[PDB]
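Since the structure comes first, as structure tokens, the remarks are kept for the end.
Sequence lines set the chain letters: A, B, ... in the order given, protein chains first and strands last, and positions in each chain run from 1. Scope of the values below: all heavy atoms of this structure, side chains included, with no hydrogens, waters or symmetry mates.
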6 protein chains.
Amino acid sequence: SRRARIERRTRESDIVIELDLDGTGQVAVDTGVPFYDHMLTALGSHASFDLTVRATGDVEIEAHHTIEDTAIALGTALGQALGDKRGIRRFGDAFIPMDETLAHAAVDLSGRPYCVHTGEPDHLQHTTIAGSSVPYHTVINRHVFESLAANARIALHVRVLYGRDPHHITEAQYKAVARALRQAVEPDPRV
Amino acid sequence: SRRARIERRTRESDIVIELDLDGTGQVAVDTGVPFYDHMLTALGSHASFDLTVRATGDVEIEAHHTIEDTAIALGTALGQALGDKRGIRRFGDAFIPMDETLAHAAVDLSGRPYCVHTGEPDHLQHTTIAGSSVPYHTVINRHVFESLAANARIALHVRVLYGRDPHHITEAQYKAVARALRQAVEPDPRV
Amino acid sequence: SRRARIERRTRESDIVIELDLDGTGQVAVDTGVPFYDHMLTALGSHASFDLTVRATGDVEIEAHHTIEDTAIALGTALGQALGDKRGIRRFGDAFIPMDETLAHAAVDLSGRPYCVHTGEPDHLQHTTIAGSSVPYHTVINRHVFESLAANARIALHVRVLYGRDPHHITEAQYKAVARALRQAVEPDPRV
Amino acid sequence: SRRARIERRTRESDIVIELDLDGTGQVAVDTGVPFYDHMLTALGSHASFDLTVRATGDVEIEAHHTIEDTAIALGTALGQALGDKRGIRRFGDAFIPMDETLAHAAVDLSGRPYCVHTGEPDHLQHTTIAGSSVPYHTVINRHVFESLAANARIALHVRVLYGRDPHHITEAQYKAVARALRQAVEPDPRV
Amino acid sequence: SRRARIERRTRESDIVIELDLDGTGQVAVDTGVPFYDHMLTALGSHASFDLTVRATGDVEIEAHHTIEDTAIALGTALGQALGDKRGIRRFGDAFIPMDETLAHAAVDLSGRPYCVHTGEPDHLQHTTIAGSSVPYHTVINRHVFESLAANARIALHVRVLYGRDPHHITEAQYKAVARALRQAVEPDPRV
Amino acid sequence: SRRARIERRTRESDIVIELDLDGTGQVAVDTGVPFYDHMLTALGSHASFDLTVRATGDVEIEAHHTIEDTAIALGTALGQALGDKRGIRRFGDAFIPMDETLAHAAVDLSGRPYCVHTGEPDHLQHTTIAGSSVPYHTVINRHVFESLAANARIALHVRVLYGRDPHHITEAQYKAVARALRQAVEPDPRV
Ligand SMILES: [Mn+2]
Ligand SMILES: [Mn+2]
Ligand SMILES: [Mn+2]
Ligand SMILES: [Mn+2]
Ligand SMILES: [Mn+2]
Ligand SMILES: [Mn+2]
Ligand SMILES: [Mn+2]
Ligand SMILES: [Mn+2]
Ligand SMILES: [Mn+2]
Ligand SMILES: [Mn+2]
Ligand SMILES: [Mn+2]
Ligand SMILES: [Mn+2]
Ligand SMILES: [Mn+2]
Ligand SMILES: [Mn+2]
């Protein structure tokens, strides 16, 4: 049983995470930031987690605090669910082609906490993905990966090899992290 | 007693400031611009002021006029509360690390009115921080510091040594100004 | 059963493809272009397909039309054999070292049709691989990958990281596509 | 009482740390790496900690594992001794001139875990400080700061403004971290 | 049974290797060069080999001859244990994130003997990793990979994508080779 | 009692210094060089010294000899008044904003004698500040700092971060040294 429930209540937000590493992609995410819900739904589904995320926070300011608190809580849940990390593959990686974009992620689950994020085009440091609700500033992508790695206590390297569309570039990164995690958490039949 | 109440009524906005320099961080800010409320709440709290800001203005146009009128009124309140500036430290400075960002501010409270703002990455001249309410254009950060210094009649130098996230970069600057002010307004036991 | 038979008759060529995704590498290719037969034999074998290709076309002009019609028909066969794509790994990738050459391919089988081909040395835009029969112009490599992706309706990214010999560079790419496809078409035990 | 005892036993090393934040610089360090003992003795003394470090590890390989495990354990001890961090200055910074070298550090003790290390001359990525015992490779300086910040859960920025001698450059950084920590952990009379 | 015992006696060194490809990571390495023992212990463990290495050589000169003779003997053992290479995956690759470092290796076990080693920072051509025993000059890393590939008769490509610490950079490469070998030697259920 | 009286009689000048480190800024300076009197009055006042300087020298030549002899004598007085330097803060630093100029100084009072002076605009190597009396050549600023550090036996680093006006640039440096000294000489309540 590799499950964790994390509640995180801060001045800025209130987060509940329920995570099972050995899931079938039963995922429900509601953070008040719909593009971020899309990304975390992709992360949970492609990782073959079962994942519920419920977050409410100070989106009148902008999505940053809620996004960051959610990534800290999710990181914490992943570290807790992994437990002693005995008998797992430990390392995982995945390439995600998405139209013109190619992204990659590599993880070491028993590595020191560390994040390296490279290759994202410079326009993503000031791009907004905006719909009818609270928008998503792509400059936060790096912050999400850094917060996940710091709180799960894993080494997580995310690369954009190339790409143009900010939705493709962002979604391919979340999916690459997800499939890298899926590989790394699997039981290793030789260990 | 180092207190000031400033009312500023213009064509564009209506501002009330109540400031006490010798506070404990009892801060309440409501300007209709929630990211700016976040920044001024950080400024008042980290300066160990007691500070109430109530502003209403022409946010149908954008936040600029309300932000500027608020910074003019706050500047005026700080100059008035300082009075003759006798027996204070006068100079103050502070570094604020915020994740990848490092900011600094230095003040001379008995200096000629002057603002120098350096180091902010070029992407902040066209970045928007957007939530569910009125957004905040980071190009205004310099205008806020310039308006505070011009109306408090102080020398205020704000630097970004490095950083990436526009929320970190902006918040670290407001906090650095706040902690520089906190040091400078303190009684000097030798003067 | 993941099988397809495609017949494609054009003004330029006549193609029959029989494909089984769940094969053991029983491959027979005869297109009149022997280097291309070598490449498609490598593709079918390394993908663990069972694959028969029979093509005749206007090789008095040059191999282009036959190569392109063959890749369109093969693409079509792969899309048809995949069917609804339920319960498969969907993503796959492979590195192929071949002496001095390193190539890579990544696929998303449920991705929009898209091909990105990068890294091939500039000399391959005007190189000929020539024997005793119809020669193979390596400039067509990109066209083969583009035609496969457009007609299978998959995302296919092919990279040459480095290399020198045009036969190594071309063969490593065909093998990398093959092993990426082999991984992606496999049943996924968790989906 | 702001004290912590951390025991850390790994495959590579065995570490005992006893730390008191409210000390008078009573410091005893023995790691088997005498230049590192010099640096941690400087850190504990200039921070006005009371600090005992006893470490034994696989120095037949080189100092890296012992240095890293020691910095992880020390980081952990500092986080534990800080407790809820109520009523402290929280931010601290210090400049350390050492002959030709000027270094600086800035800390936020209630900041997310983060380390930024800048300005160290490129020759320190391959410099050895060697005596009659186990030598110290200055490339590890960054690793020590990163491990301290990750495990104390603080924001720590270390800068070399300029310098030449690798012993001055390294010692000035350790002292700057120490005096920044000393300022940040102090009770804040207004908070 | 995929086992080999190689004895190699030269003017410079005396080497005994016992290798089983189908192991559980039971590894014991003693070459007189403790950092190299660390690296080969990592290689054997991460490859899920059972591996004993006993080497004595002319370390009064430096580690080079012993390191090279050990890598030649280990290469020879891997080629012998692989036998006819029937029914194996043949290709393997692995990414290894290690703090700031990312390394990769790709292998073709039925490829011509060939080694390509790219991306290692220039400082590793003159870096020493030194403890209390015989030191390890990182310039030899390339020689180890070249000697393994030449004597196992495999294609081995090792890349450093980025990194700074010479111990991380070296260890990540040895681990990447190890996990690439582990994948490539595995029985292939379709071949 | 931290007081010193230094008399220095040379071929070029006759200097009397009376210094008390624990003063209230009772300062009287008369060197025959009125801009230098302004600078030393600023230094003594901002350091919270009590300081009398009386110097007469060969100003028919230019101010250099008198300025240098005065700085040597003042340095000597500061070293003597500091005595054994027991129980003091030892390190100090200060930023001084002066209109467009920002200067900084950092000191180690128990450091080896050393001066590093950086950042002063190139026009100050040939600028004169001229009134109705003996003028002041700003090229001497570095010489004053070097002479103070050499004779007080302290490490003194003075930086101009930016500036334009030679009077602002010079005065901000003297004030920064003064406030850095004020911090460093203070009793340290923990040492
Ligand atoms: Mn943040
Ligand atoms: Mn989408
Ligand atoms: Mn305006
Ligand atoms: Mn914030
Ligand atoms: Mn065509
Ligand atoms: Mn790659
Ligand atoms: Mn061939
Ligand atoms: Mn390490
Ligand atoms: Mn600075
Ligand atoms: Mn020393
Ligand atoms: Mn050799
Ligand atoms: Mn190691
Ligand atoms: Mn002179
Ligand atoms: Mn003046």
Side-chain angles (χ1 to χ4, degrees), chain A residues 75 78 82 85-96 102-120 142 145-146 148-150 152-162 172-173 175-191, chain E residues 2 20-27 41-51 88-89 91-106 119 121 158-165 167-169 171-189:
Chain A
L78 171 62
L82 279 164
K85 290 179 263 199
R86 288 172 108 70
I88 64 166
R89 288 196 183 279
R90 167 175 174 193
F91 294 95
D93 82 283
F95 284 92
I96 304 291
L102 184 65
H104 184 245
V107 306
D108 178 5
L109 290 179
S110 294
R112 316 302 200 192
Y114 216 92
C115 182
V116 179
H117 178 237
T118 61
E120 213 185 49
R142 182 171 289 182
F145 306 147
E146 286 171 334
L148 285 174
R153 286 136 83 68
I154 68 176
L156 175 59
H157 286 47
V158 181
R159 300 186 293 145
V160 177
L161 285 303
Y162 50 70
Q173 289 176 272
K175 289 178 175 178
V177 169
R179 293 201 158 252
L181 293 170
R182 177 172 160 188
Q183 177 171 54
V185 302
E186 282 167 6
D188 190 329
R190 303 192 58 194
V191 170
Chain E
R2 292 195 299 170
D20 185 347
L21 304 185
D22 303 298
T24 57
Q26 309 303 309
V27 176
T41 299
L43 181 303
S45 182
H46 284 272
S48 199
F49 295 163
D50 292 343
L51 172 63
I88 64 166
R89 288 196 183 279
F91 294 95
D93 82 283
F95 284 92
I96 304 291
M98 192 170 177
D99 283 5
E100 84 298 334
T101 287
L102 184 65
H104 184 245
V158 181
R159 300 186 293 145
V160 177
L161 285 303
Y162 50 70
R164 180 179 182 269
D165 182 281
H167 184 144
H168 298 174
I169 289 159
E171 184 166 347
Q173 289 176 272
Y174 279 87
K175 289 178 175 178
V177 169
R179 293 201 158 252
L181 293 170
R182 177 172 160 188
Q183 177 171 54
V185 302
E186 282 167 6
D188 190 329

Inset, instruction - Would you sort out whether A:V116 and E:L102 count as a side chain to side chain contact (heavy atoms under 4.5 Å, CB included), showing the intermediate values? - result: CA-CA 9 Å; A:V116 179; E:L102 184 65; over 6 Å; no
Legend entry - Where E:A180 and E:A94 come nearest, the two heavy atoms and their spacing: N-CB, 3.8 Å
Go through chain E and chain A and list any donor-acceptor pairs closer than 3.5 Å, backbone and side chains both.
from, atom 1, to, atom 2, distance (Å)
E:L21, O, A:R190, NH2, 3.4
E:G23, O, A:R190, NH2, 2.9
E:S48, O, A:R190, NH2, 2.9
E:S48, OG, A:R190, NH2, 3.4
E:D99, O, A:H157, NE2, 3.2
E:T101, O, A:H157, NE2, 3.3
E:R182, NH1, A:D188, OD2, 2.9
E:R182, NH2, A:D188, OD1, 2.7
E:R182, NH2, A:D188, OD2, 3.4

Legend entry - E:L181 and E:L21, any side-chain heavy atoms less than 4.5 Å apart: no
Inset, instruction - Taking all heavy atoms of E:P121 and all of E:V160, pick out the closest pair and write down the distance. - result: CD-CG1, 4.2 Å
Inset, instruction - State, with a plain yes or no, whether a side-chain heavy atom of E:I96 is found less than 4.5 Å away from one of A:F91. - result: yes
Legend entry - Worked verdict on A:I154 versus A:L148 for side chain to side chain contact (heavy atoms under 4.5 Å, CB included): CA-CA 8 Å; A:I154 68 176; A:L148 285 174; 5.9 Å; no
